[PDB]
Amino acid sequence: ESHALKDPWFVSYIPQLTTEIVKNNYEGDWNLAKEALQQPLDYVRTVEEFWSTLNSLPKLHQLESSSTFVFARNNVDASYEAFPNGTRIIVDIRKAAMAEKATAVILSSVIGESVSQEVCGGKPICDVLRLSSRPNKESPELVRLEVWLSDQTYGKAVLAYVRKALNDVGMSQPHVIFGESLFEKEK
């Protein structure tokens, strides 16, 4: 007795890219780069499949992979340009011993529709989730989680909800950092 997800999520991994590499090889189109370079993992359709696929991922906090893992609702295009008026919520997890649980909390909150129900009036707004290793000199095991929203007017409220969710299960500054980045600004 599987439990269906509200929507299926297409899960893949992509190599690390840069604006210049995408400009020079993929006509500036990050979605084309993704289509050209991704490897599929699964199209998750049930709660059980979600957990199976998540548990199969590399330990990004142990530098097992340089790839970005993407979860895309209904296989939506995962480029900024496919999110007009959108924003990204960034969650940086500095503490390696918290990365797996933070990832589980954030991904399950969205894929299980808690964010939609509790923040967005039941409308699907969070349509892409990304997960990457992003070490820096201050934080050599940093994992970066991104939540991409189709409508920037929900950004502050989604951030607050996800922050509270993490705080409630033991994860707060300085172990995790939150930010928001409008797609129109970044572009």
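Each residue number is its position in the shown sequence, starting from 1.
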| query | finding |
| --- | --- |
| Between the two ranges 15 to 23 and 169 to 177, the one averaging a larger CA B factor in the entry | 15 to 23 |
| 68 to 76 set against 81 to 89, stretch whose average Cα temperature factor tops the other in the entry | 81 to 89 |
| Per the PDB entry, maximal CA B factor within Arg144, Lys156, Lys34, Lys59 | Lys59 |
| Out of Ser150, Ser132, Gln39, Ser139, highest CA B-factor residue | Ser139 |
| Position of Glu49 among the chain's modelled residues by C-alpha B-factor, lowest, middle or highest third | middle |
| Chain third (lowest, middle, highest) by recorded CA B-factor, residue given as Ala160 | lowest |
| Entry-reported Cα temperature factor of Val128, expressed as the chain third it lands in | lowest |
